[PDB]
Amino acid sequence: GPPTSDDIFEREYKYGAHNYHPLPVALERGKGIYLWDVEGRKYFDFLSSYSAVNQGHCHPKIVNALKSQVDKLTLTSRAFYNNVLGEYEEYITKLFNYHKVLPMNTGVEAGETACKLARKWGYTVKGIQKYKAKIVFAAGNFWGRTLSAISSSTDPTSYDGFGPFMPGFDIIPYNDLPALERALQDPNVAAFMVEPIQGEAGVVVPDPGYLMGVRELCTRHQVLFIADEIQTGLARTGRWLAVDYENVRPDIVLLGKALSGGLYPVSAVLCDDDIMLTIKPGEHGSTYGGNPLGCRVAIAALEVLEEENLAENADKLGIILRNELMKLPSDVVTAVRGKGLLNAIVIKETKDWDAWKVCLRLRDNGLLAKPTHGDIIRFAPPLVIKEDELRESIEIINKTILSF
């Protein structure tokens, strides 16, 4: 017979690194908002791979693009041109209204590319002396697991025991304009990288006006405003970009995750010529970056978000989700927050009952989520979910929470 869920857990423990502690569930099928485990049980996916399957699992139009291109050409390396990359570059740069895109594969690679752009721009355009360029980050940031990315983290589990660390990274509190103004008095600051909503930190939503204030301060001190929209972008928060809520145009925009609908690792660095062209030929790249298969997938993935109006759906349905979640008892749910369909609740941890137990029982009742930083449960279903399906999920949440 096939392997059971426990067999699947047991096998990974024996042969795979122990760098995760996943929730005890073993999935083998996904379609739209639903996942199925190897026992055949059906679950609502309320994580969406942390917003990488915004378009739902195995969306037929993205699947069709992958199957069609894989019969033609999948990788030449950037030693040669392929016929797809430029069609995708034109499409994505028009869509977000930046002059150029640099293609990469993973979110952290886009972040690393952004820091390289910022330093090279800082040295060659702003006039900072080599190598005094600084990049400022916000406490609670997450942008990946390279040595550079953990060097800016304030989470000791990310960086403790992995040093020495990348120099030139300063940290200030999130959602704090006086702190950014103070930090930007240093003329050697080249960039400030920030998430419009902090995902891994627990859907930390900054106050209204924060992104407007970041834009103004960065311009006033000619610092590059790097917006990490790898988790918040692509309709998840109710707009094409989370920064659209404040009509703000960052200097560099990072995309990833849902850029492929979950079918391929595709990430992107968007910015205008004055920044993008400080990197000259031979000075940056990637084996798989810009390959034609990922490019066909990402075009189709972006078309799904636009043609199915997923941003407005995420907006309307996010209002319903948060209003219903706020009806839960304060003794159990300490906070509800989010924008669009990127939301989270905070569980009043005791000696016994905590967010991990809630997620175990959510799983028992047919809904999959997971805690972050202990007491914060993220609720982030695919943007293709319908109102009826959302309300059925809310009743699962209510049944679970009100069962303790």
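So that the term is clear: the rigid core is the largest set of C-alpha atoms that superpose within 1.5 Å between two forms. Residue indices: 1-based, along the sequence shown.
Structural divergence in 9 other deposited structures of this protein between 105 to 113 and 159 to 167: following superposition by the core, 159 to 167 has C-alpha atoms lying farther from the shown form. The stretch that moves more in 9 other deposited structures of this protein, judged by CA deviation after a rigid core superposition and choosing between 44 to 52 and 368 to 376, is 368 to 376. On average the C-alpha atoms of 1 to 9 have higher B-factors than those of the other stretch, with 394 to 402 and 1 to 9 being the two compared. Annotation for 250 to 258 versus 71 to 79: the higher mean temperature factor (C-alpha) is found in 71 to 79. Between the residues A242, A110, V136, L328, the entry's highest C-alpha temperature factor is the one at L328.
The entry lists C-alpha B-factors for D176, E306, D160, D170, and the highest of these is at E306. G318: CA B factor lies in the middle third for its chain, per the PDB record. Among the modelled residues of its chain, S153 has a C-alpha B-factor that falls in the lowest third, as given in the PDB entry. In this PDB entry, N141 carries a Cα temperature factor that places it within the lowest third of its chain's modelled residues. In this PDB entry, the Cα temperature factor of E312 sits in the top third of its chain's modelled residues, the highest group. Sorting the modelled residues of the chain by their CA temperature factor places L342 in the lowest third.
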